[PDB]
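Undergrad:
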Amino acid sequence: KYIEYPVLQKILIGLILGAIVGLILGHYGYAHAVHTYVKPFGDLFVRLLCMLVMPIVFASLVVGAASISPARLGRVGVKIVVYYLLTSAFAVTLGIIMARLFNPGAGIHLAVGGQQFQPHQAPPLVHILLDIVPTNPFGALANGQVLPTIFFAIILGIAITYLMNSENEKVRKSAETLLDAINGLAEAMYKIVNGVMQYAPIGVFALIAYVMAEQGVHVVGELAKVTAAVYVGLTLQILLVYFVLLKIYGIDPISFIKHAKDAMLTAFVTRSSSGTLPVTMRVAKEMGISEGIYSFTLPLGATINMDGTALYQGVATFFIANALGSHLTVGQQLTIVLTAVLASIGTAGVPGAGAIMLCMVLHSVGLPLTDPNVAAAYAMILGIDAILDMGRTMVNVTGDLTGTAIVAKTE
Amino acid sequence: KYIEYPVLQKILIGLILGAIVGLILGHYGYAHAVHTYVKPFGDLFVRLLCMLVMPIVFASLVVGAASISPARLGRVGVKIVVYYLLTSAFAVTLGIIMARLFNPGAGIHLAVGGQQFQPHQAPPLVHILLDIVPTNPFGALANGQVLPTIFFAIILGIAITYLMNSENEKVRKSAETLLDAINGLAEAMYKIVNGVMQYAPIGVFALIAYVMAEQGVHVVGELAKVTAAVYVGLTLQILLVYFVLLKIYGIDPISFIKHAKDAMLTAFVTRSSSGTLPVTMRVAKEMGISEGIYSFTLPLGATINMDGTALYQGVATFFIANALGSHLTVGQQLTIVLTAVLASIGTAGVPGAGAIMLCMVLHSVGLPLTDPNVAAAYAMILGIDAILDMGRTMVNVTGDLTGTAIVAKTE
Amino acid sequence: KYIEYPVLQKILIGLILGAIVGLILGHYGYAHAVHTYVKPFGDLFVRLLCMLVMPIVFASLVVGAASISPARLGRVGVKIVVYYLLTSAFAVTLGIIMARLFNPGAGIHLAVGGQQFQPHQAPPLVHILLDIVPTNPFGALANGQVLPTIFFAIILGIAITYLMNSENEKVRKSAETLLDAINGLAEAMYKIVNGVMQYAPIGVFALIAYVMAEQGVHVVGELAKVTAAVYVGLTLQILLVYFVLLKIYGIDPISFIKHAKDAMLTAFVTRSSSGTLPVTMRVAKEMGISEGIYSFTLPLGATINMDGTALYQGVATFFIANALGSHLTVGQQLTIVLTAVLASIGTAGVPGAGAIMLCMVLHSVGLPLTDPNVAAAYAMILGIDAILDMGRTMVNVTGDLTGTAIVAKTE
Ligand SMILES: N[C@@H](CC(=O)O)C(=O)O
Ligand SMILES: N[C@@H](CC(=O)O)C(=O)O
Ligand SMILES: N[C@@H](CC(=O)O)C(=O)O
Ligand SMILES: [Hg+2]
Ligand SMILES: [Hg+2]
Ligand SMILES: [Hg+2]
Ligand code: NA
Ligand code: NA
Ligand code: NA
Ligand code: NA
Ligand code: NA
Ligand code: NA
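Going down the list, the protein sequences come from chains B, A and C.
Per the entry's author numbering, the first sequence starts with residue 6, numbered consecutively.
Per the entry's author numbering, the second sequence starts with residue 6, numbered consecutively.
Per the entry's author numbering, the third sequence starts with residue 6, numbered consecutively.
1. For a test of your reading of the model: does the CB of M292(C) fall under 7 Å from any non-hydrogen atom of ligand 8? Yes or no.
2. Which same chain residues, not among the five before or five after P356(B), have their C-beta less than 6 Å away from its C-beta?
3. Is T403(C) near ligand 3, in the sense that its beta carbon is under 7 Å from a heavy atom of that ligand?
4. Please list, in chain order, all residues of the same chain as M362(B) whose beta carbon is under 6 Å from its beta carbon, the five residues on each side excluded.
5. I need the boundaries of the alpha helix (DSSP H) containing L30(A), first residue and last residue.
6. If you follow the alpha helix (DSSP H) that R77(C) is part of, which residue opens it and which one closes it?
7. According to DSSP, is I8(C) part of a helix, a strand, or is it coil?
8. Measuring only the C-alpha atoms, how far is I389(B) from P206(B)?
9. Verify whether the separation of the beta carbon atoms of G408(A) and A218(A) is less than 8 Å.
10. Looking at the structure shown, is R276(A) part of a helix, part of a strand, or coil, going by DSSP?
11. Is it the case that the CB of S278(A) approaches a heavy atom of ligand 10 more closely than 7 Å?
12. Is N327(A) near ligand 10, judged by its Cβ being under 7 Å from some heavy atom?
13. Could you tell me how far apart the beta carbons of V117(A) and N378(A) are, in whole angstroms, since I believe they sit closer than 8 Å?
14. Among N108(C), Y89(C), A24(C), whose alpha-carbon lies nearest the alpha-carbon of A328(C)?
15. Measuring only from the beta carbon, is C55(A) closer than 7 Å to any heavy atom that is part of ligand 4?
16. What are the residues of the stretch 122 to 152 of chain C that lie near chain B, defined by any Cβ-Cβ distance shorter than 7 Å?
17. I want to verify the contact list: residues of chain C whose CB lies under 8 Å from the CB of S179(A), in sequence order.
18. Output the distance between the C-alpha atoms of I392(B) and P75(B), rounded to the nearest integer angstrom.
19. Tell me whether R105(A) is buried or exposed, calling it buried when 16 or more other Cβ atoms sit within 10 Å of its Cβ.
20. Which full runs of the alpha helix (DSSP H) of 4+ residues lie inside the stretch 306 to 361 of chain B, going along the chain?
21. Would you call the CB atoms of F50(A) and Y204(A) closer than 8 Å?
22. Hey, which unbroken runs of the beta strand (DSSP E) at 3 residues or more fall wholly within the stretch 114 to 150 of chain B?
23. As an exercise, report each continuous alpha helix (DSSP H) stretch of at least 4 residues that is fully enclosed by the stretch 147 to 174 of chain B, in chain order.
24. Below 8 Å on the Cβ atoms is my contact criterion, and I expect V224(C) with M103(C) to pass it. Report the Cβ-Cβ distance as a whole number of Å.
25. If you draw a straight line from the alpha carbon of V26(A) to that of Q120(A), how long is it in whole angstroms?
26. Pick from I309(C), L270(C), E291(C), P124(C): whose alpha carbon is nearest that of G396(C)?
27. Against chain B, with Cβ distances strictly below 8 Å, would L49(A) count as a contact?
28. Could one say the Cβ of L363(C) lies closer than 8 Å to chain A's Cβ atoms, at least one of them?
29. Please confirm whether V176(A) and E192(C) have their CB atoms less than 8 Å apart.
30. Strictly below 8 Å CB to CB, what residues from chain A border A164(B)?
31. For chain A, find out if any of its Cβ atoms is closer than 8 Å to the Cβ of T182(B); answer yes or no.
32. Starting from the Cα of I165(C), find the closest Cα among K196(B), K178(B), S171(B) and give me that residue.
33. For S295(A) and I411(A), I'd like the C-alpha separation in whole angstroms.
34. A358(B): which of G47(B), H40(B), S65(B), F46(B) sits nearest, CA to CA?
35. Any heavy atom of ligand 7 within a distance shorter than 7 Å of the CB on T352(B)?
Take a look at the structure:
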């Protein structure tokens, strides 16, 4: 093989290179040829990711839950925790607002096979609620059907914690192992993501290659018009959420960012919120942060509190929805906010991360990728993920420090 | 929230309070209003429990099996073990007899939606037997289908034990962990039960509230006429099984019970056979019981040997069956005995315990709760569970001591 | 029970005894009586094995994969590993050639219920490839569907290894447990096989008993005509593969076998490649083998590198195929080679081993045992497994030593 380059550029090459190879084929040799020999690889890629969606949505939440089991965290955390949720809860709320002013997709409308998309009527409100509670975890889990799963995972995780406080040692010990195994399953699923991401370059080249053969050039407008909605959203996040809640705690924002200057750029280029933990802690002290404080929060916000992603999944949803020609009904629209948070708490904080947990938010809100259109749209954002992933990852780290700094203030 | 009362009364309040709120609505505002705003909560409750039914029927038996893996128990146990089964095997056999004289349900007959219940013809005997052996554990397990599951769990558990005797240490160690993880899954599922039971008060209030709006008052007769069948069954258990097998071993029954006086009342009020282990052992010595003897049996009979429940599940089945208008065919009727034992060996020995493992015995014997009628009946017993649960739990503990005392005699 | 004999003979008795009881009923009392009271037991047996097929195809490969995770093995192994695959890869390639000259089954053609067998058209090549990648591991696994499973297992296993090299200790530790649990699941599934094999005597008696009542005596020709294809294949394996690659490394083959004389006969009679490890190592030195060399290879080739089985599963497939009247299309025919290897790397190296992993190779290549014909054919080979199993097991061990000896030469 030999293929050793820095995946980041190593992927941007497929993106920029795929777009051109796609367009030239815009005219000339009809893309049909592309939809036959090129797209197949773009699909292999798309599936390798949906593969993971279940095992991670599960293992990922049983662990996430246990890392917030009230009570199971000093009240030094209770504070920080309430922090992460509200930051992320708002992060998405903001994303929807960007989706509003910016109508990414709207106009990009596609009917794939010639037929358009239409969702199945939601069962009576009563059943929609009772359905969140799986009737058979194994089953619900066995065959897609997210929510039910999420629900069971949180209940499993939070339950495991209380076993750890069990007077009995066998019990206290069993829980430790089981919880240990789950985790690992999830932690192992990431190795797979990282691995898959090594194929990202080829896959991305196929996806965008295809989206260019078809859809003409109009997609470039929508794709970029999407990115705009994201960043103008990410920077708003920081400016309207961070600085606003930093001057609220007598913290100099300006100088603040000058210290996180290394923690941000690091995460922004590596895209590995997790792999950028050391650089996030070095900066922890540098700005006079108490040891027992960033030693606890920075490592927790590395997986949880990915408000940078929550904004992503918020806008991503409206992109798909608008591209298909469907209008999200407030209710499912507020389901995104509720979901995106758990979906973000699910993200691994690695290259693939974000995108993968998007399916979680799509299956919920009725937009199965098993559908020609949805899968056709999803394949677009998944192609420009890298771009959105960078600015994404950066906010994730920021939110952490910005939380750690504020928690110190009142501790 | 604030809600801190002693669940036991805290639930009896919903029961007694729900019945009245139900009847007043007997006349006046037709219960239809109830079947619309009240029943939904009674259902949330009913599902939270069926949820657990699979993970526990599995983890619960893999562990139960390993705790009886012949050989894997001193022959000091072999004795005690043969004891528990036969006590429980008969406990149910007795329950069926109570179901006989007392026809709980019979006359309570309901057709829910207006249609009546009718079971699917059982496949040729040949297939019924071969079917107990799952063709794909994961599958069989994934989507309901008990028996197959039970079967695989026992085989898994008993198998794990033999790995622990493996000369090789890696093998011997692996088995230890895996077995450790399973357990925990089950031990964790109980935390959930306990949790769910914290909702019991609300749920019960809904269930019985509904059963009173409909069915008029005739249900009170059947419900109580059921309780009778149980207790007059539990006391018979003790009197015809315990005292009979106590005077058979030169053990003074009268005085006997005077010592277990604290172990019984304890379990009878806490309803936590497990949580009542310390009080069961304090009494262990008090009556001159050898250390190495109650140190081994009392802790084993805390989970296994729940002959108090086996009687429950025995009568419970005939209640449902009679309420629907179906006559249990001897064969499925003897299936209950065979099932109820494993179902009791599955019970956790906690508040929820009993009822939850009932579904296990229902899915077997063809009475899926996924059915309007069955689910309608089940919802009745599940409403008066607390009452039956107390006298239940008490016999569970008794059987333990009554076994420990006899095993000492011959050891 | 009492039943304590040496399963090996203890089974040959059922085989030889079943055949006679079958034929006498050839004439006289039509076998219909047999297909009603005899076959049912032959089926119980057949299912007990298919039961295991999934849990083992999974746990079995996650472990197998981790035991070859490149890199995760000294380069002292890389050598030995490349060895096992190529030996087994060719072992099967050879089996197909035996299936060619010998047309086991061809002529044995059956239509069970009166209808013949016909496979479902394979989806477009594109989908056949993308389908190997499961969309939902849990699902794919939950309900049969091998390949997808295999694929995920290898990716899980190989992934776990890289977690063990993780700087972080928690990560490094989690992977250890999870990997530990999986293994055990598989190691436990064998206990079940061994157990099931204790029923082998009865089961085999039923199977062949039936195949004799029907099919007349013509089956004896095919059954034996099959065995021939195997052995004349196993001996060719050794002579054309081993001796050829032994004189290639200045190793005296003749004398060679005189030392493995005990390691072979041992494995040949016990049929437990694994249980014959000690006798394989005693011989390790005896022939001047470096400690650090057979201490690493012999224990690895005990589970992996079962080229004796790979030849089995190679011919076994053509037996079934020919018996049904279907011609394996080169492509699925080369799928067998690719599958048989993983299928052999799946075998446990115990009595049942081989046969059980055959289903793995059948589900792949479209020949579900859920089909009257396939299941009818499979039931024949499964009846004479013991015979093929012995000569099988022997080559498995041989390949090990023959690999160890050659790796020492160049190390
Ligand atoms: N990979 C990003 C998260 C995401 O893309 O969703 C990170 O490093 O945190
Ligand atoms: N909860 C009871 C058992 C049951 O209700 O089935 C106990 O403590 O043993
Ligand atoms: N049981 C054989 C393998 C097989 O039958 O496939 C062994 O000992 O290696
Ligand atoms: Hg996906
Ligand atoms: Hg239930
Ligand atoms: Hg099989
Ligand atoms: Na996350
Ligand atoms: Na974060
Ligand atoms: Na139990
Ligand atoms: Na008990
Ligand atoms: Na193998
Ligand atoms: Na071998």
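Each residue gets a CB set at the ideal place from its N, CA and C atoms; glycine is no exception.
TA: From the atom records:
1. no
2. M202, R276
3. no
4. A348, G351, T352
5. No alpha helix (DSSP H) contains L30(A), which DSSP labels as neither H nor E.
6. That residue, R77(C), is in no alpha helix (DSSP H); it is neither H nor E in DSSP.
7. coil
8. 11 Å
9. no
10. coil
11. yes
12. no
13. 5 Å
14. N108(C)
15. no
16. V131, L135, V138, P139, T140, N141, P142, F143, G144, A147
17. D185, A186, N188, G189, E192
18. 37 Å
19. exposed
20. 312 to 329, 338 to 349
21. yes
22. none
23. 151 to 169
24. Not a contact, Cβ separation roughly 19 Å.
25. 28 Å
26. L270(C)
27. yes
28. no
29. yes
30. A193, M194, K196, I197, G200
31. yes
32. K196(B)
33. 12 Å
34. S65(B)
35. yes
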